[PDB]
Structure formats: structure tokens, C-alpha cells
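Trainee: Turn this into a structure:
(chains A, B, C, D, E, F and G, ligands or ions: 1)
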Amino acid sequence: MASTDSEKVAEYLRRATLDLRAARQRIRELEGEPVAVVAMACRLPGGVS
Amino acid sequence: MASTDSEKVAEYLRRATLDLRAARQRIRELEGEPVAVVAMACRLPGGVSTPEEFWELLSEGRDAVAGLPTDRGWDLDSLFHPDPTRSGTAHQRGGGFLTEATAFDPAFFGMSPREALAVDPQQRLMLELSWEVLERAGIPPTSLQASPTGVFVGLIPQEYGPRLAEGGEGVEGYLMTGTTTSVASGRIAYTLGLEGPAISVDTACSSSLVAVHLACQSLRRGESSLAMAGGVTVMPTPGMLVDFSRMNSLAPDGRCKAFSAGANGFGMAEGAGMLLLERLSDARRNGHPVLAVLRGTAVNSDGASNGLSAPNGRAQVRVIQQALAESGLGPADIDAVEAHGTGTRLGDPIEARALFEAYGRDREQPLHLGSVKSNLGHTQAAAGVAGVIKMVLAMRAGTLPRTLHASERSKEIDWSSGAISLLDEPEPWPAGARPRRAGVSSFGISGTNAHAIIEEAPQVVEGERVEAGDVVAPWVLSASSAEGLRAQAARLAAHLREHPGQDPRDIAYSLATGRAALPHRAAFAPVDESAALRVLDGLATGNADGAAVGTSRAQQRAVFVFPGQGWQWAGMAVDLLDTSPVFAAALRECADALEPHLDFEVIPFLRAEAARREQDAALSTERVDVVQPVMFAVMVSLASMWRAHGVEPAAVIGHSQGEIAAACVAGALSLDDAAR
Amino acid sequence: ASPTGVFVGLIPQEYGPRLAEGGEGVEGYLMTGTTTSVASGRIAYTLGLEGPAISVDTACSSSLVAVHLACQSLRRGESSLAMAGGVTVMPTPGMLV
Amino acid sequence: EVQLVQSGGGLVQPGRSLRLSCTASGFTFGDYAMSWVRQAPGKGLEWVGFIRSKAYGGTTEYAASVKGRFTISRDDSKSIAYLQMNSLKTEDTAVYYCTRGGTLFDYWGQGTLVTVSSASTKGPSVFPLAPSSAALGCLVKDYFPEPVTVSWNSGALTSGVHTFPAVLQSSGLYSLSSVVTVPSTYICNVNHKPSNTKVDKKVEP
Amino acid sequence: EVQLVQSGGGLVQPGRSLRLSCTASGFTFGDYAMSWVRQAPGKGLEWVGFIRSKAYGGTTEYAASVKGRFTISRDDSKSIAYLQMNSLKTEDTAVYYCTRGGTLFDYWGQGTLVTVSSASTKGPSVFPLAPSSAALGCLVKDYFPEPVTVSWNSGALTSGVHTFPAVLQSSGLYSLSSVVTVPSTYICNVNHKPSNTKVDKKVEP
Amino acid sequence: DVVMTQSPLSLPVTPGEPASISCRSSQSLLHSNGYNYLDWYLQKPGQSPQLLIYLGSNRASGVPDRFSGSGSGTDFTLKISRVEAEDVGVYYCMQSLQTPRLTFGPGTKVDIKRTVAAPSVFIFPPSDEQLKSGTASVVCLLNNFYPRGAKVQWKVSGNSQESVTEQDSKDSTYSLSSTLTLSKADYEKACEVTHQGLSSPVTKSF
Amino acid sequence: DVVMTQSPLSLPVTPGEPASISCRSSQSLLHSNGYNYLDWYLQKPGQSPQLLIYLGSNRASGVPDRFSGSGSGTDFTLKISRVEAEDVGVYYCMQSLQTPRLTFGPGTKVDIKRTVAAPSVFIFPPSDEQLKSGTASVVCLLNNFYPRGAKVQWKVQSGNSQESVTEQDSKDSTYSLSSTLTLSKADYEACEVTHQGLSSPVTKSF
Ligand SMILES: *P(=O)(O)OCC(C)(C)[C@H](O)C(=O)NCCC(=O)NCCS
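Mentor: Numbers count the residues shown, from 1 in each chain, chains lettered A, B, ... in the order given. Next up is the structure itself:
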């Protein structure tokens, strides 16, 4: 057998945790994923172009 | 741990799953949470001023393109010339035009009769609509102060008065702050006190569905608990049908003949529209009406089209498929589509070929295609929120309304798949077993397609149901003017002669907790609905008999004044405890606080009349040893009664022994203290 | 044909001739010029962008509110790229008046 | 939501029988193994016991401090957990909690204040604290049970007021010493609610 | 990010040895007991075996079909799982796959088309399929091993073309029967890549 | 004993339409913990098997919202709320209560759903040069049929082999090449099918 | 034996500043599954204990993202990314390897952090009516001090002193001590502190 429930209910805990570690980094990317400022163009007062 | 080999890890799994179940329900409450349409306000062409006067135009198939405005100073003689290309001429000789443009209530909204002449007509029919979209969602419009609630208005900046460099006489600094699209969503958030994202978006003819989409995506996240999303295009100058006519894009009769062989171009009209939106599990937890749920929305520019106004045929398929994969649905769930249906001869063939590619893909049931622009004309930026008012009254009336000008379906489209059934007749649309979903699409001149999927409100089986007929509550009327308060009891009176037998408790719930506490108040409390009909007609003429009229300035702050002696009658509150347990019990605490300090209790005293108090060892009034504590007990129980009915004093003042009751209710002396 | 939003924040102002009177050469394009609407769609047309091209009107906050809308079109993912930004070039002294 | 709302606290003399009920609404009661964690006033939490799930046998594990005295049960069809507290002694004066996990305590409920004291309901012995020459205070020694509330200038002075958390003597009584700090002539009114004995105190050096 | 890339397939004879390597990059290799499963061509998955985590210790559970023949190992410092296949037989012609789990096969390898056949590399025996009076087809009988590529009109006709999946005889050879359906005079071309033997077929009734 | 788990082995799905594979276990897969020990795997056609659901109802990250799981250890039901071209293949109901597990089960053969098609039987007598090569292969081709529950018998049986291709895209049918690898003499001595595209036996011979 | 777990028992936090409570276990809490068996609980002052972290690093749902979890088999750590006014209380490091656990540990006494204060030692001789009453209570109230680590003696010895301390206030964020020397009739016929708000013993008597 599979070491009853010692290597099973603990094999399902490294999924229900590793899925919680990937379903919580989806919530930190749906709300606070830091967006970059890849480039900046400006035509501002003065000689600024 | 002990039994078998699992008593501890199977607790961390239970938790890692109820944390995974509660973290993947947070992902579906942040990107796919249904956004309920809590209410709809709309002033559309054809005299439409409410979404029950708007269904009474769709259901009877009435077109509302009936002619150009006369009361707007338009030069209706320089707008027309036999030459198709003059410089100031317009080709629409008709169109859907409202008379509510040259009409506004400045005094109500706190603007001077000079600040309001300068208010763009797109701002003055967004303030009026913001008051109505809240006064018909239950939410008192004055109750949303400092409350996160975004105003998302879609507006094609339109030109109202004198140029900003040609300032008028009274309208001078207020000509830029009353006309800038900035202050249409901003004037609302100021007058209504809202503190949320008050953004005035502008995406041409999709600025209503973009504003609806930008509000739904501001709700799913949470930046505004509530949101007013909509758009208005009221065209002050004939400057848009004289340019759109210069690209020969208009129809010579003002009709948007959608998906019809007589298609000439846009039938440009003008109108408004606002949706009160809230997350579905925020409009069910607060009891707000849910009319339909906006499942998903999508905004998608046409990209490199064959012209700026030219439509893309494969950028609509990617917005009918982004809003169809953001709502979690498929092309076979949407029963009907409120398409743009501009009535153009190269925009309708391109729209519908994008509708046989995103919806009509092996459709078991034909897609019921329609457009509200057929009934009222292209309402520009109000189209898209006038399609989520057409397909939210189609939810709640069990009928798909007509597409008014499309019997001779156009020959440039392929209606051979049998997958789209243009609505040339009223198609019944009852609540079946599969949820009733529709799609409203507004694509614009700037090339910003928008598509929103609507679903019917979750069937509320019970909710606020029936109880028992009992004591009637005041019918709470209030208005900001003595002539507007006569109109309130000239419109509630009609809303009951048209709908008789309306439970009085329901006309005293949505009138008291459904309206604002405006200065001129005329509450009253009749015997029944028909008894109140009498006072309603009396107040139409201003004659108050049985009605409690008054004037206020948002005053509040009542003062409990406590008479000492001389106010007792032979039967003080004989039935006031026999009708409600909020006075009997209010007497109970006083009685048990008077029992250790008085023998005869107050309970049989006020229970019995003087004619029957002569045989209970308690004289009617002469027994100062008994009636003084009775007075105090009646006084304190009554004060607790008003407090239980939401009447709280800004000050308590007592006369001689009403001082005792005032001290008891002020908190400085306990109930037992002042009772003793 | 890429998902790339354009979020421009402007103010209506007043540029050409009042559309009711039209113009001589600028007749059908006067509308397409004086509209904050196409001031985000024109950009998404020339480059071919297929992302949400929305225009913002909050006056002195239009730009920062447009970066807000763009930031969340990237947090949710509606557009993989965005061009946020605001312009107030004043072609008339109307505003200083 | 899960809410483990409790009930069953009160006042008893050492050697009584007291019942602690844990109303579980929100989760499947039979899957979890409810446990009862004791927190004596102002010290760390100590775990009393826990019943295993009905599917895990239902074996109840108790502490060394309360074996042979307390017994824990559970019912699914009536969905309540029980701490049956028999033969109480002075140690059981504490805020007993009901957590939903034997090794993984979860909701924890609210906090049922159980008190095992041999005292009776008596009002305060309000003894003032004369200043040295400074702060002005007043004792409330020998009252029972807690509630207690002490104000200064009858709820007029609130700045500088420190109502020291109460204190248990070996006699089973309580002692609060409420003191204000302000240079000067002040009044302290203590209201022992269970007995309603409001005593007032005027203090001078 | 996790990945379980495999290596070690090939062509051997019944009674030989073969190595199957499972490169695990993305997760801590020592935590998961890793399995080795097998898909016989076109039937359901059968689990070969699995080695338990080094932290757990345990043992190496194999099937009844391969006990005493296959042995499975694992290394953390070199981070590879091994299916050592020995004393092979015709049954081992299949796509062995290595999954990260012993009860929950969460991640999988692409599958190694480990083949155990007694045949040798020979080109096709291209035999045509004359129409009855209709469709036109051509056999590829007796080729080995798979790859195989049959097109029509030399990759001109692609509509109606149904390449019939590899069929293995008892002799260890393969047989494809590619046929087009169109009323008419057509060309089928076959190129056994291991031996590079391109044979061409013209067919008439 | 062992848990015997069965399913609707030949379940058809049509795109855009919710579907429902079910699993039925002989023993009880609801273990003491209150957690079912049934897993749902997907082997999309010619790819590595995927983990869709663990513990009966939980879904494995990276698996779309479409794959839901509802039911009890004994009678389970994987509910796909939206079948696209990706929700096809073989769905294995695979227990976890007892592990040794020699097999993943027969697996639910999922197919893109259309109506029933008529199998086009082509009897192709072997090329005679093949009879001059030492073998004989009369091939009874069955083109354009769905569902695939049709067998070919050889009368006037047992040497027949089997070659089915998985479902195509624009026609979504199946095609079978039943092969009678055969020997020199016994050629000097017919195929038909019982697919539900027809009812009567259609026997055409070489 | 038993796992002995200790922590920085008196850790101060200042709002808006990342903080770090640590746990040190005598035995190894990393069980064979590769999962640590340490849990982090929070008892907010006068409320029901909360579950912040289970299995060493996993955060319970409904718990602010600030609380982060980490640790090997012996040394462990809780990293509050942002301490606000609700992040204060007692943080219990509570193992799971050896159940039963009679105690939750001493717990980390968290406090809103300021600089050091000045213990206002105020010797208040008992009112004489109290001596008329049968007892004696000289009270040495210390007021406005932080941190709360003050010895408070009674000489001229100690052993009849009982303790009264309030939790941290808001606008001053200090502590106050009521060391009462309940007492008897005759023996009435001095207090000082060693709080680090000062260094020298400050002895004032009745
Ligand atoms: P040209 O043949 O492209 O005509 C110019 C016009 C302005 C008519 C333009 O191309 C057009 O066809 N506009 C209608 C298409 C459309 O998308 N209407 C909905 C946006 S309001």
C-alpha cells in the first residue's frame, strides 16, 4: 500500500497548498501586479520634446 | 496522530482546500463577479423619460424620430439647401430629439440661474438622471455622502453656448466648468456627495458601454461599492448633423433602418441613460433591486480599419468573444443581441457578418437581432446604455421588442444560416430553464467596439414577502419646491390610480426609505391606499387637509420637550400598548423600575379608562402619589417610542417633573434612578 | 492587430470653426478633429492597436486617471500593453478667458 | 460563514457541574474535531481537550490537569460540541474557547467566561488614595464578581484616568485601584452592577 | 516553474536492458514519491511503479506485471528519477511516462516511445488497393520502425486523405493503409525514414 | 477487495454545450477525512495525461474553470460547463483509496458530437502482385462514420486486425481499416458491419 | 521528549514598519512530507485567538497578506510586511509534531513601539479609614512607562505584593502598574522599580 494516508493525504496537501500558492499569486497579479513604465514620451512647455 | 495514520495532516489539507476554495472564489469575484443593474434612468427620443415609458415605445413599435428641435435656436432654414454639399446644411431632416434639453431645474440642484444657463445639456440630463437612477433603486440620493460610488458618464463633448473666448454676460467662468466633459461625471459626484472614481469617459458612440464596462471593472475589483455608469448625447448646436452630413453619413429622414434594404446611414438622434450598478452579492446583501446582471464586458478598438469611421469586421468578433469569455458563457447562451444596427449601408453588413462569426456559429435557436436605434435613432453616446435599458426591460417584460424598420432585410448580408432572426415582430421571451442572456454592442466612430453580456436577475422566490395588515405608517412626501411637492402628489396619485390596491406599507416604505429628505415635506398617514388617494389629490392643488405639510432646510435636530403637569387625560395611551409592543414593553421596564418604589403599578392605570379606574384604588388624576409616577412612566415610555421610531433628540428639556423624564432619557439618571 | 490599449486624457476645448458653420476644406473632418473620442481611436488606428482605446475627461487629473485605467487593464489582462497619457494643448485662449 | 458561537458560562462554587456548548454553523460538524482551549485570566492559552471526529473514532483526548474531571462530546444531528465540566475547582475561572481543529485550531468561537469562585455578591469597599504631596486615586477592594466600572468626576475626567485591570485575592474577591494624574479635589463613583451598590469618594491629601 | 523532461527511449529486442531518465526541474525532487506509468499503443494507462520520497524512506512499489524485472531509483544531488528496465519482452513496446506522485500523478513527462520489437529496419511493401468499380488506396505493409509518411499526388491532395494508423503484426512489422475518396488515377508516395526507401504507387481498377 | 470504477465510456460532446462524465465505484471512496479519494485525469489525444481534479471536487491549478467536480465517492460526476476543442480525449476516473492501481480504468472516450453518419463500406480485394509476393490483404475500409462502435466480420474471421483514426475536424467522423493479413492458398475460398449508421447487415465481398 | 519552542517574547512593533517574530524549536518540526508542522496564532487583546499561519509558511484565508511565513526545521519566522494597529497582541508559536500540547507557549508580547518612557513611581500610603477597616493597602502606582519590564519591590521584605497591569494605551502608548501590598493590622507599623526608563533605584516610601 501507499503508507496509508501518510503518503497520500500528504500528497494531496502538496497540491492543495501548491495550488493555493498559485491561486494566491493570481490574486496578487489581478490586484497588485506592478506595471512597468516601458517608455516615456513628452512634449512639455519650453523646449521639451 | 493516533487512529490509523491521519488525524493532523488531514486538518491541514482541509484548511489548504477551504483556503483554495476561498482563494479561487476571490478570483471569480474579481474578474467575473456579476454586476447587477440596480436601476435604470433614461430620457430617450419620443417623450421617453423613464424605463416604463421606454418599454411603452418598444412594445408598441413606435419610432421616435419625429423632427428637428425648434426650441433650441437651431437655424432650421440654413440647415437645408437643395445642394447636397453646402457648408452649413444638414441631411437629417428629422431625428429623435427631446424637449428636455431646453429645460432644467436649477434651484433643485443648487446651481444659480446663471451657473445653470452655462451647464451643458449633457450635464443637466445626467444630474437629473443621477437623482432618478437612485430614487428608483431605493437608495436615497442624499444618503450617498462620502460613499465610494463612481460616476462613469459617456459623452461626446458637444458645443453649447458662446465660445469660451467669447464669454457671455452672466455665464463667464462657469462656461468652461459647466461645459467641459470633465464636470458631467464630476457635477454628479459633487451634488450627490459621492466619493469614488468620477470618470467621464469618451469613446464616441460606445461611451455608454465603455462607461458601463469601466464601472463594472471598477466594481469587480472594488474602488466604488456602487457605480452610476451611463452616457448622454444631447446635441445643443446643429454642429454634428452638419458634419456627419458632410461625410454623407446621415439618412435624409432620420431613421436608423437597421439591417434593412433601405439603409441610408445613421438616423442620428440624441438621448440619455444611466445604470446603477453594484456587485451582485452587494445588491442582494443590501436589498437593492436587481433588474439584470452584467455578466461580462469587453472593449476592443477596430485597429487599422479602412477609415477612422470605417468599421472593422474582425475587431467586433474579438469583442463579442472577449465579453463572451470574460462572462464565462458561450455563443449559444445569448438569446438575443441588441446590436448597434447603425443603419449604415457598409456598417450593418459588416456588423452582421461579425454576428454570424461570433454568435451564429451553428446556433440551435436563432439569434434574435435588434437595435434600439431603429426605434429612437442613433442616440450616439447614449446608445449602449439605451441597449442595456432595452435588454433589461426585455428581461423584465418577457418580450423581445421589434426592430422597427427591418422587414425588407438588407441584401448585402447573408441571412442564409438561419442563425440570426432579426426582430421584425415581437418575439416572446419568457423565463425558461436556461438563463435569459442578451448582448448589447456599441461600436463607435473613433473605432472602439464594446460588447456587454446581460443576464436576467436571479429569480427571487420570496425576498421581502407578505406578513399581516396592521397599523399604517406615514406616506412620506418631500420635494425641493412648494410647486414640486404638489407635483409629487400629482404623480404618486397617478401611480396609484394606474396601479390600485398597492399595499399602503409598500407606498410608505419606498417613499420614506426610497427618497431624499428634501426641504418641502408633506407626509401624512391615511386609513388605507384609497384614503391616501384623497389627500394626494388635495395636495396637487396645495390644499392640505389630513396632510402634514411643512417647510424645512435640511433641518433635523428635534428637541424632546417634557411638560411637567397638566397634560394628562382620562385614558392616557389606553390602546397605545394594545396596538404595539414598543409601548407596552417600553412601559414594562419603567414598571419593573417603579415596582420597588411604588405599590400600585402603572400597568392597570393607563390600561383602564377613568370610567373604570374608579374601582382599582387609583383615582383618575387626584392621586398625585400614583399619577405623578404614571406621568413619568408614560413620558419615558413615549420618549422611548419616538426613539424606537428614529426620533432622537438633539436636546432634552423638562418643565417641572418632565425634568425627571428628561434626565432619565438623557442618560445622566438611570431608569430606576429617575423612577425612584 | 495587437491587444494594446490607448488611454488618453484630454479636455474638449475649442479648435476649429464651430461645426454648425462647417468649413471650406475641413468639412467632414472637422468632427473627426474636435472629438476627445477619436483622440484615442486615431492613435489605435494609425498604429493598428486592437486594445481598448478609451479617452478620459477629469480635467487636471485626466492623465493620472488614464494611467489608472491602463494599470488595471494590465492587472486584469484585457490589454498586454497600454499607452496611457494625457494632453492639454489649448488652441484657443478660451480657457485663460 | 463558519461561526462557532458558544454558550454556558457563569458563577459556581468549587465542586459543581457546568455545561459548555459550542454551536457550529457554517461547516460540516462531523468532519472537524472540536477542541476546547482554556485561557486563565491574563496568561497564555492552555488546551483542555478535544473529541476526535465521529469518523476518526470519537476518542476524546484531555489534559493531565483535567483528566477524570472533564468530558467532551459532540452531536451532528443537533450539531453541538460539549465540554462537560464536573468537580470544578478554583483553577476553572477562565475564558474557555472552542476551536475547530485538534492540531489545527481554526475559528476559536468567541470566549465563554467561566468563573469558579467561593465568594458571594458584595459591593465595593471604596478606599481612597490620598496623594503624597502627584496623582489621586481610589481602591474598590473586596467586590465580586466582575462587572465593575470606575469614573472620575463622574465621567467628566477621561484624560489621565487609568482603571487598572482588576485583581483577585486569595479570598475570591476583586480589587480595582483607579487613579488620575493631574495637579490640583476629585470624585470617584464605583457602581458594582450585580449588587447595584454605587459608592462615591471624595479625596484630599 | 515545474517540468519533468524525460529521456531514454529507443529500439531493443526482447531480453535486453534500457534506461529511463526523468529530469525534474522546478520542484524539490526529494519531496514527491515519483511514479512511472506506461501507455501501451492506443490503450489505457497502466501504472508500472513508483519510488517513495527519500525523506519518507518507504520502498519501491512495482506492478505485478514487471516485478523482478524493472527497478526504480531516484537521486536528489543529481535530481533524476530512473526506470531501469531489464529482461524486456514484447509487452514493453509502449510510451512510458514519469509522473510526480505516487497516488496523485499531478505532473507528467512527454512520454518515451520505448519499443521492444524483434524486427529489423526494412522499407515498405507498397501494395495498392484497386477500386471495386469509390475510393483509391495503397498499403504500406511490412515496414519497421515508425516513422512513416504517406501522401497523395505527392502532397497535392489533402482532402479526403485518411492515413490509417500504424498496425503491428505478430511478426513485429507495421502496416499503414492510406486511402483517398474521390471519383475519377492517383499517386501515393511512401518514404521509410529510418531506411530512406521512397516507393511510389500508381493505381487503377 | 479492489475498487471497480466505471464511467460512460463513449460519451459524445458538442462544442459550447455543457457535458457530464460520471464515475461509479463499487466500494466507498469517501475516506474518514470527509474527503473523497477520486481523481479525474485527462489525456488529450497524443499528449501527456493531465490532472484535472483531485479529491473528487478540487480542481488542479492550470485547469480551466470549465472542469467542475460534483457528487459522492461512490457516484461522481465531472461537469464540464463549456466543452471546447480542448475538452476532448480520454477522461480517466482514477481512485486513490487503494494503491496498488494497475490501471487507470477504460477511460471515457470523448468525441466531438454530430448526428449519426452512414459508414461507407469499401471492400478492396488484394492486389494480385501481393498474391505474387507471398501474402494476401483484402481491406474492408469503413470511411466517414460516427459513432465508432462498428466492427467488421470476415465470412465465407479471427485474422482480422484493427486501424481506427481519431476524430477529424471538418467532418468529425471516424475511419476504420480492418486488415486480413492472409496466406497463399486460403484466398481461393466478404466483410460487413453492424454500425448504427445503418441497421441491416451490408455485406459486400471481394 | 517534547518540542520546546521559544520566541522574542517582548517584541516591539511600530506602525508602518515591517517586523519579525521568530520561533526556535528544540526538536525538528520538518516532518517527512517536507511540510513544517509549526502554526502561528494571533490573540488580539481581549478577543478569540486567530489562525494566522499553518504548516510553517501557509497563510490562513481571511488573514491580512502582511503576515508572511518561513522557517527551516528548528528556526522559524513570521514577517509582517506592514504592522498596523491590529497587528498587536500575542503571537503564539504552536507546534503540531507532538499533539497533545498542554500550552500554546509564552507567546510573543507585541506592543506599539515608541522610545523608552519615565515610570511615574507614586507611593500612595493607605487611607487610615482602611486601617480602621481591618486591612492595609499601600499602593505604589507606576504610571506612563514603556517597555513593561519593571521589577517593583517592597522593603523596610517583599512577598505580599500582587500585580495589576493594563495593556498599552493609544495616544501615549505606555503602561501603568498597580502593585498592591494588601496587608494586615499591626505590620503597617517603601517601593522602588528597576525599569530601564531609569537606571538607579528610585526608592520612595509611605
Ligand atoms: P466611407 O465610404 O468610408 O464613408 C464614411 C463613413 C462616415 C460613412 C464611414 O465610412 C462609415 O461607414 N461609418 C459607419 C460605420 C460604423 O461603424 N458606424 C457605427 C459607428 S457610430
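Trainee: Spatially, what comes nearest to residue F:76 if we skip its sequence neighbours?
Mentor: Leaving aside its sequence neighbours, residue F:76 sits nearest to residue F:23 (CB to CB, 6 or more residues apart in numbering or on different chains; 4.2 Å). (C-beta placed from N, C-alpha, C; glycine too.)
Trainee: Within its sheet, name the partner strands of the helix or strand hosting the one you found and how each one runs.
Mentor: Per DSSP states H and E, residue F:23 falls inside strand F:19-25. Using DSSP bridges, the strands paired with strand F:19-25 are strand F:5-6 (antiparallel), strand F:75-80 (antiparallel).
Trainee: Identify the residue nearest the geometric centre of chain D.
Mentor: Centroid check for chain D by CA atoms, centre = their mean gives residue D:113 as the closest residue, at 3.8 Å.
Trainee: which residues sit in contact with it?
Mentor: Shown in contact with residue D:113 (CB atoms under 8 Å, 6 or more residues apart in numbering or on different chains): D:9, D:94-95.
Trainee: Just the closest of these to the ligand, please.
Mentor: Of all the contacts of residue D:113, the ligand sits closest to residue D:95, with 67.8 Å by CB to the nearest ligand atom.
Trainee: Quick one: name whatever helix or strand follows the one helix or strand that closest one maps to.
Mentor: Counting by DSSP H and E, the element that carries residue D:95 is strand D:94-99. Heading C-terminal from strand D:94-99, the first helix or strand you meet, by DSSP H and E, is strand D:112-116.
Trainee: Let me see the backbone angles for the residue lying farthest from the centre of chain F.
Mentor: Distance from the centre of chain F peaks at residue F:132, with 37.5 Å (CA atoms, centre = their mean). Phi and psi for residue F:132, reported as degrees, to the nearest 10, are phi -100, psi 0.
Trainee: can you pull out the helices in chain A?
Mentor: Counting by DSSP state H, the segments of chain A that form helices are A:20-23, A:27-30.
Trainee: Select, out of those, the one closest to residue D:85.
Mentor: Of all the helices of chain A, helix A:20-23 sits nearest to residue D:85, with 38.0 Å by CB to CB.
Trainee: gap between the spatially most central residue of chain A and residue A:32?
Mentor: Centroid-nearest residue in chain A, with CA atoms, centre = their mean: residue A:25, separated by 2.9 Å. To residue A:32, residue A:25 is 11 Å away according to CB to CB, to the nearest Å.
Trainee: Likewise for residue F:75?
Mentor: 42 Å.
Trainee: hang on, residue F:71 packs against residue F:56?
Mentor: Yes - with contacts counted by CB atoms under 8 Å, residue F:71 reaches residue F:56, the gap being 7.3 Å.
Trainee: Who has more neighbours out of the two?
Mentor: residue F:56 (22 against 18; other CB atoms under 10 Å in any protein chain shown).
Trainee: quick one: secondary structure of the more buried one?
Mentor: Secondary structure, DSSP: H, G, I helix; E, B strand; the rest coil: residue F:56 is coil.
Trainee: what about residue A:2, distance to chain D?
Mentor: 19 Å (CB to the nearest CB, to the nearest Å).
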